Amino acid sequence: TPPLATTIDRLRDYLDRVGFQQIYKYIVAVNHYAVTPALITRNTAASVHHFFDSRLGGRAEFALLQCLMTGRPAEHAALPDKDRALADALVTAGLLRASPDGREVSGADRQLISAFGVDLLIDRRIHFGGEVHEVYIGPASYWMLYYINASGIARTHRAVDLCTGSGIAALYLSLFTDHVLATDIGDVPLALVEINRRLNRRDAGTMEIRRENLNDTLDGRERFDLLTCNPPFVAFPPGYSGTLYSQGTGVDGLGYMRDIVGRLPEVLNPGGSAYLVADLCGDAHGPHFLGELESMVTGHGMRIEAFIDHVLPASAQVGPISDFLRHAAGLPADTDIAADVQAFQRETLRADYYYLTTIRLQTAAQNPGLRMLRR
């Protein structure tokens, strides 16, 4: 607890000493850095290792860094003296592993990335290995943040990142404002955002971390200038269990998006803005949910902009959904989940397509209206 805080401080010192963020940015390059967190994965790790070995010369100062980035083993005695004591502290914290004979250090369940200028530990199981992850991050996380107008954020603006997960959106907002609230209800994400807050030299002085249900924060009396939320939004067929980060509420998975949008006229200060993201079902003309938002244009004079950045036919999602459901619940391979998914997509969701959509909503707009951007 204080030992962990000191360990994260020393980790931060190591990342600074060897220029981690710059090395990550160089490896992935500027045309990929903000596209997706799934850049260093089990399918690219061999190439990452080759770069460290052949272009960075295998320098020992980068050995602990690779343990964190890909899980690659480093011989304990080969670590530089300062990095060796940090490695021991990370093993004690459960953030790296030691081999059974203690002669090397290697990856545990946390992967070190950089996103939007922040250093971030994420759940390594999303990009490596074969066990279902407990903390989500994905391209939807990134595209939510991409559309934020950072130059319009004042130091005194009050911002909230609901359903914060790893903390990425809250930490991004903390680059610009000194008043950030980050919320979640999962034990595992809450422990991780606490680590990532400290990893970026923040504390409760400028970023509050709160265990609180989305609808409780939304009903509350606190008012915000800026809101971000990537909520659970996936609709799974009746009878199937997902995970805390994936399964949306309501008949079509969008209950949490409805909850948020409905309270924006009250929770945002006049002229404040919210950024949401979801993979929205729709027909050939667009996502069904945008039709529900005309009530916010007419009823509350908001401006609402929807940025559609990925389109897939519903049939292309049947496999990924069924695979996720099978793996999350440990179901056997003879269950016809795919037919259940198809039937649900067509009766309940009316989903011909899925549209990965970032939505910007502004209260008290001078130019109210709904705008849907498609390529």
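In this text, residue numbers run from 1 along the sequence as written.
For the pair 330-338 and 63-71, the record assigns the higher mean C-alpha temperature factor to 330-338. Mean C-alpha B-factor is higher over 238-246 than over the other stretch, the pair under comparison being 238-246 and 272-280.
Per the deposited coordinates, the residue with the largest Cα temperature factor out of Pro232, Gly167, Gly205, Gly138 is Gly205.
Going by the entry's values, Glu131 shows the largest Cα B-factor out of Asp184, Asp109, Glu131, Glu104. In the PDB entry, a CA B factor belonging to the middle third of its chain's modelled residues is recorded for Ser99. In the deposited entry, the Cα temperature factor of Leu373 sits in the middle third of values across the chain's modelled residues.
Per-chain ranking of the deposited C-alpha B factor places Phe20 in the lowest third. Sorting the modelled residues of the chain by their CA temperature factor places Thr357 in the lowest third. Looking at the C-alpha B-factors along this chain, the one for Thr36 belongs to the lowest third.
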